[PDB]
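Coordinate analysis (summary)
Spelled out from the first residue to the last, the chains are:
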Amino acid sequence: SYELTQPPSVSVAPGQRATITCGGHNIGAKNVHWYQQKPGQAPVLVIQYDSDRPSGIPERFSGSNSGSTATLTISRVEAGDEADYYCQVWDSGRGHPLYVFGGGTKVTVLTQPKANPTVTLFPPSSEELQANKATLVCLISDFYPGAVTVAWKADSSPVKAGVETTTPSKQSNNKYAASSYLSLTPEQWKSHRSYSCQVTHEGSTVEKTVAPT
Amino acid sequence: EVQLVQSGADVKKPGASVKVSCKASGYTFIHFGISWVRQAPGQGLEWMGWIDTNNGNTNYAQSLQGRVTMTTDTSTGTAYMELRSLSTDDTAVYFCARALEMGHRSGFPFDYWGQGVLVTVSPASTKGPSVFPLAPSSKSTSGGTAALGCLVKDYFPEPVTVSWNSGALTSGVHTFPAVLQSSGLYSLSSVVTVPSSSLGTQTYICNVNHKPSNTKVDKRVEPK
């Protein structure tokens, strides 16, 4: 179906302007609506029909839509604007109409210094292997802002199946931690030369690799 | 004031069905359609379908056609969503949302939302964990620091508490939050960072406690 593309995250210092884009083929021909969602709450409509603020939404929220990109702008951002933001359009769906949401952008308001992630990757243990199972454990700690993307590769090719990744949660020292797990069979583990866990954070990546040897 | 208040949160087994409700108040119930939107834990919003509260006309997501049924009860101002043949992929918070009209040429935004109800699809009521050692990569002769730990695999429900050396070791201990896997079971890791020189001289044992299954596991972690 019609697809919407949002960046996973946006980091912004207090008072700066936050820009969240929503890409779609000729999305300028559609009405785009924007929803804000804080944790454990329901979404809130903050921009409707490309650029209209519903009643009660601060004037620092604004939106535009042109060509292949719609944009939600949060001017003079405040700490309380930290949330996930979702774009949305209606589509005719070849006589089967639908709504589609973008994947959502986590907007972090920078209230503490940037911290690069520590990545620890463990291969499957002999005990787990000797029990006909295999798990690669990728542990990600002491990073801020709390948004990462984890990609796995078998040798060189990406692997999506068997991957479970947590949502980053705050540590005791107020930084963030997360973990990603790759499940596979002992044979796929043995069949490849190596496996890699790649962690993307604030535009940079830390990649660790392990091998059956 | 417009309010949507949901009910019907529940815990289910794979293959079962579930029915949730959305009670509208503060406006003319039949003047506005109702959409349904779900959110799996940690994931984004996924539109499910819409219903005309006046005549019962629906538009469903193609991926759900045949499996979902939405209804309206105009005598109580309530919308209902039934989802059959549940899998662990259906574990999610389910939201209802007011959407004036939806059609083949236009669709309104969702201006008021219910609070969401959690539906947990799980294959077990209780299940103890499998504990495996995460042996340190560094060696006793290595220098600097070493990370070793324990993998606590495939348990249900949360939580698992982990200590080290019966609680005598707390510096450098990090027990990570659990992940909900597509199997419906939880997994977590706990890792302790220790001086590399201690690998040949100090014994390291993780004390895993899963109270829901009445299970304790003291697993010894040996360098490889």
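Residues numbered from 1 in each chain as written, not as in the entry; some residues may be left out. Chains lettered and ligands numbered in written order. Heavy atoms only, no water.

If you check the header, you'll see the entry was determined by X-ray crystallography and the resolution is listed as 2.08 Å.

Turning our eyes to something else, we now look at the domain arrangement of chain B. Entries for chain B in the domain assignment read domain 1 (3–121) and domain 2 (130–220). On a C-alpha basis, the centroid separation for the pair domain 1 of chain B and domain 2 of chain B is 41 Å. (Domains from an automatic or database assignment.)

Our next topic: the state of the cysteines. All names here are of chain B. Applying the stated criterion to the full structure yields 4 disulfides over all chains. With a sulfur-sulfur separation of 2.1 Å, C22 is cross-linked through a disulfide to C96. Between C22 and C96, the disulfide has an S-S torsion of 65° and is therefore right-handed. With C22 in strand β3 (residues 18–25) and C96 in strand β9 (residues 92–99), the pair connects residues that are 74 residues apart, well separated along the chain. Looking at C22, the relative accessible area reads 1%, which means it is buried. The connectivity of the disulfides in chain B is 1-2, 3-4, where the numbers refer to bonded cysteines in sequence order. (Disulfide = S-S within 2.5 Å. Helix = DSSP H or I, 4+ residues; strand = E, 2+ residues; numbered from the N terminus. Buried < 20%, exposed > 50% of the residue type's maximum accessible area, 1.4 Å probe, protein only.)

Residue and element names in this part refer to chain A. Strand order in the open sheet formed by 3 strands is β2-β6-β5, and the pairing between neighbours is antiparallel. Both outer strands of the open sheet, β2 (18–23) and β5 (61–66), are each paired with one neighbouring strand and no more. When the angles between neighbouring strand axes are averaged without regard to direction, this sheet yields 15°. Of the pairings in the sheet, the one linking β5 to strand β6 (residues 69–74) comprises 6 bridges and is antiparallel in character. From the neighbouring strand, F61 faces β6, where its bridge partner is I74. (Pairing = 2+ DSSP bridges. Axes fitted to C-alpha atoms, helices over the stretch in contact; angles between N-to-C directions.)

Per the counting criterion, the structure on display carries 15 aromatic pairs over all chains. Following the ring pairs from residue to residue traces out a cluster consisting of A:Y35, A:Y99, A:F101, B:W47, B:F95, B:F110 and B:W113. When the ring centre of B:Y80 is taken as origin, the NZ or CZ atom of B:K19, which lies over that ring, is 5.2 Å away. (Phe/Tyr/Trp six-rings, centres within 6.5 Å; stacked < 30°, edge-to-face > 60°. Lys NZ or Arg CZ within 6 Å of the ring centre and 35° of its normal.)

Once that is clear, we can look at the domain arrangement of chain A. All names here are of chain A. Per the domain assignment, the segments making up chain A are domain 1 (9–109) and domain 2 (118–210). Contacts between domain 1 and domain 2 engage 6 residues on the former and 6 residues on the latter. Summed over both partners, the interface of domain 1 with domain 2 buries about 390 Å², with 39% contributed by carbon and sulfur atoms. Run the count over domain 1 and domain 2 and you get 0 salt bridges. Linking domain 1 to domain 2 there are 3 residue pairs in polar contact. Those elements that place two or more of their residues in the side of domain 1 that touches domain 2 are β1 (9–12) and β9 (105–109). Sort the elements by how many residues they give to the side of domain 1 that touches domain 2 and β9 lands first, with 3 residues. Considered class by class, the residues forming the side of domain 1 that touches domain 2 number 1 nonpolar, 3 polar and 2 charged. (Contact = heavy atoms within 4.5 Å. Buried area = accessible area lost by both parts, 1.4 Å probe. Salt bridge = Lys/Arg side-chain N within 4 Å of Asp/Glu carboxyl O. Polar contact = N/O pair within 3.5 Å; in protein donor to acceptor, adjacent residues only side chain to side chain. Nonpolar A, V, L, I, M, F, W, Y, C, P; charged D, E, K, R; others polar.)

Once that is clear, we can look at the interface of chain B and chain A. Between chain B and chain A, the contact holds 51 residues from the first and 43 residues from the second. Both faces combined, the contact of chain B with chain A buries some 3500 Å², and carbon together with sulfur accounts for 64% of it. Considering only the surface of chain B that becomes buried against chain A, B:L45, B:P109 and B:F176 emerge as the three largest contributors, covering 16% of it. Our enumeration of links across chain B and chain A arrives at 1 salt bridge. Where B:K219 meets A:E127, a salt bridge forms, and the shortest distance between an N and an O atom there is 2.8 Å. The tally of links between chain B and chain A comes to 14 residue pairs in polar contact. Looking at the side of chain B that touches chain A, the elements with two or more residues in it are β4 (33–39), β5 (46–51), β6 (58–60), β9, β12 (130–134), β13 (145–155), β16 (179–180) and β17 (186–195) of chain B.

Now for the sheet that holds strand β18 (residues 205–210) of chain B. By way of backbone hydrogen bonds, the strands of a sheet pair with one another, either parallel or antiparallel. Residue and element names in this part refer to chain B. If you trace the 3 strands from one edge of the open sheet to the other, you get β14-β18-β19, paired in antiparallel fashion. At either margin of the open sheet sits one strand with a lone partner, and together these are β14 (161–164) and β19 (215–220). Strand-to-strand twist of the sheet, defined as the mean angle between neighbouring strand axes without regard to direction, takes the value 20°. Sheet topology places β18 next to β19; 6 bridges connect them, and they run antiparallel. Paired with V208 across the two strands is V217, which belongs to β19.

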